[PDB]
Amino acid sequence: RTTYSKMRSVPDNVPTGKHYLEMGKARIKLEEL
RNA sequence: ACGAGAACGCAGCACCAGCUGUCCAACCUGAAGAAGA
């Protein structure tokens with residue numbers, strides 16, 4: 001129950017600069033066997 | 001003062017010998033420790 005609007009992104013910061021990284025972003029690669 | 005008197009149907013003998021209550025069978029199936037703004 002919040003009087004808010006549509007959902008927003010959930011970034012983070014990491015060194016120094018504020019390097020915005022998408023939370024939970026993973027690169028998925030596959031191979032046989 | 002009896003077709004009667006006396007006379008254990010009794011003695012010894014293991015209901016006993018051999019034989020698996022065993023064979024086959026997944027405690028298994030699905031599920032983001034996760035999301036406001």
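So that the names make sense, note that chain A is the first sequence line, chain B the second, and so on, each numbered from 1.
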Just the rounded figure in Å: distance from P of B/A34 to CE of A/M23.
9 Å
Return the value, rounded to whole Å, for the distance between atom NZ of A/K6 and atom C1' of B/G36.
13 Å
For atom CE of A/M7 and atom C1' of B/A37, their distance in whole Å:
10 Å
Under 5.5 Å between six-ring centres and under 30° between planes, true for B/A34 and B/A35?
yes
Classification of the B/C15 sugar, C1'-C2'-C3'-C4' positive north, negative south:
south
Under the convention that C1'-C2'-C3'-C4' above zero is north and below zero is south, what is the pucker of B/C16?
north
Separation between the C1' atoms of B/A1 and B/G5, rounded to whole Å
13 Å
Below 4.0 angstrom from OP1 or OP2 of B/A37, is there any side-chain N or O of A/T2?
yes
For B/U20, glycosidic torsion class - syn if within 90° of 0, otherwise anti
syn
List the steps, then state whether side chain to side chain contact (heavy atoms under 4.5 Å, CB included) holds for A/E22 with A/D12.
CA-CA 7 Å; A/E22 199 38 58; A/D12 71 332; over 6 Å; no
Syn/anti label of B/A26 as read from its glycosidic torsion, with the cut at 90° from 0:
syn
How about B/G30 and B/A31: do their bases stack, with centres under 5.5 Å and planes under 30 degrees?
yes
Rounded to whole Å, please give me the gap between NZ in A/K25 and P in B/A32.
24 Å
Once you round it to whole Å, what is the distance between P of B/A37 and CG of A/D12?
20 Å
If we take the P atom in both B/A11 and B/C15, what is their distance in whole Å?
16 Å
The sugar pucker of B/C27, read from the sign of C1'-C2'-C3'-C4' where positive is north and negative south, is south
To the nearest 0.5 Å, how far apart are CG in A/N13 and OH in A/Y20?
5.5 Å
If we call a positive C1'-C2'-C3'-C4' torsion north and a negative one south, what is the sugar of B/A25?
south
Does the sign of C1'-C2'-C3'-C4' make the B/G9 sugar north or south?
south
